[PDB]
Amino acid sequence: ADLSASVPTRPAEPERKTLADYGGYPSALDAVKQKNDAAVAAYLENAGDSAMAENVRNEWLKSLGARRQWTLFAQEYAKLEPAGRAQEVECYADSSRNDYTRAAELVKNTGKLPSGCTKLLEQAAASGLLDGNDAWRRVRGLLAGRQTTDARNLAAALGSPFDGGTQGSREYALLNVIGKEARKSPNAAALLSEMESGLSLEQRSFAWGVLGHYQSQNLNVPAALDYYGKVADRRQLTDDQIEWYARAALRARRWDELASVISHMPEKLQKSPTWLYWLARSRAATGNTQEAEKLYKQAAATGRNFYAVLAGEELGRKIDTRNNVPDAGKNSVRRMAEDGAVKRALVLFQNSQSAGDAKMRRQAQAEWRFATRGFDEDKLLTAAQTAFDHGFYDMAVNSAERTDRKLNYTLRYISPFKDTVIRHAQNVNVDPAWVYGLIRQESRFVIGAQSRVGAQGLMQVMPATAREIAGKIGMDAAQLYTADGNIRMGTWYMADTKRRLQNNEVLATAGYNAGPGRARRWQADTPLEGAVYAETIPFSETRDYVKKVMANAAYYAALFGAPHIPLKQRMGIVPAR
């Protein structure tokens, strides 16, 4: 195979123009918030075809839609690239044309939606254009999610308001069971059992789903399964509720019930790597061996993710990190940087480095995603190398991981900084592939990374945690902000957290992100299969984090040439508390 040399040649602008436009970008976003339409229009008038312009235009359109300025809205909406239109902007545009095409899928969402989309659904409901079953499921989901005003407004649009005498008032009164606080009460199940006979099938099913969901996410597995067992129509459940029913069944090793629950999930959820793999494990455990193999093949086909790897291992396939494509040609790598949109991203990236401007760097990321948005796989792999060469490490990974068939593992799983990471890992006796896997997920190798809550650097150590580490290993807490000190702190904390959690690497990974006390709370009174512990982590961020860090670690270990450790063995057994 050759990679194609075809690269885009979009109009380029001088560095001066890119930097001038960025100079005005924060003020343009402020002008949207201040409803200074003349200022926003002036910023966009001579903007390049950039992510800056797209972002300002999208934010402007949300404001124009909220203010029902439809002539100007329609004019600016048409200027967006279709794949660049924000969800809420699309909802406003369709609503302005009385087109409720999107409502049939949007109403399946049981949580907060942007205002334009929330209103699209209310308008569809008032015109009788919503499926009633789905609409009331959304009302219930909003009630259980403390979106009470949105629930009230949708019920009113359905013709049954909360202060009416009918269905809406009954749904609203059920907050004494399904409220965020009510559902935790020791008497919630007794209260629901007393009123059950007066509830509809759908109200009963949803309310038992709320109580089961709370118990399951609290890891009270027997009670969770008792409550979920009372759900007569499982399709009434929110997606989170039915996934937490599956998680309780998985954790209890109820393979039949797990398969039954998965069969009631939306098709989208059934076809996820998670539930393809665990349904396959259920079929294996019940002696449905050929069907297990079929499901493992489907899970393995979903990509490079945690469950695709575990599914491959059940088929006898181990990770193989050789590339199945050649390197991009160097002339194409050079010409890619000449494309106007790629150049703009590289200009903002390089100037963010030289000027120490973290906000400019974030907009450089946005320009990169914008520039590469439509790219076929050959262009993605070419642009990934362009990014890597310029030191734009997170965007090298971003572009390389977006392919489906053409795999360059050296750009998906970059490993800069080995002259620092490897020795710090060795010094505390921790697996370097695990450290690289953790860095990839934490920062994507961005030296200056800072999360919204203040986690800092390559290894995303919190200032309060850095303070404690510094006091234990003879450092100044400000070394958190240097690459070498950050890696020393993060590796030491991986090792210390592991020591505190029965020396288990799965617990340590969870504890790094959620705190050691959380990781320990999530253990059971008996041992847990490692992937079962991971899939039943109550915090969605940490659950996703553990699977991504451990899958990354498996790829790094293969690239590093370490003795082979199957991912299922890396997950191993999480000990009883």
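One rule holds for the numbers: they count along the sequence shown, beginning at 1.
On average the C-alpha atoms of 260-268 have higher B-factors than those of the other stretch, with 389-397 and 260-268 being the two compared. The question of which stretch, 301-309 or 475-483, has the higher mean Cα B factor is settled in favour of 475-483. Of the candidates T542, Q34, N552, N58, it is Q34 whose Cα B-factor is highest according to the PDB record.
In the PDB entry, the Cα temperature factor peaks, among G141, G448, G437, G490, at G448. Among the modelled residues of the chain, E505 sits in the lowest third by CA temperature factor in this PDB entry. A534 sits in the lowest third of its chain by CA B factor, as recorded in the PDB entry. Remark: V40 belongs to the middle third of its chain, ranked by C-alpha B-factor as recorded. For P566, the recorded CA temperature factor ranks within the lowest third of the chain's modelled residues. Ranked by C-alpha B-factor against the other modelled residues of its chain, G329 falls in the middle third.
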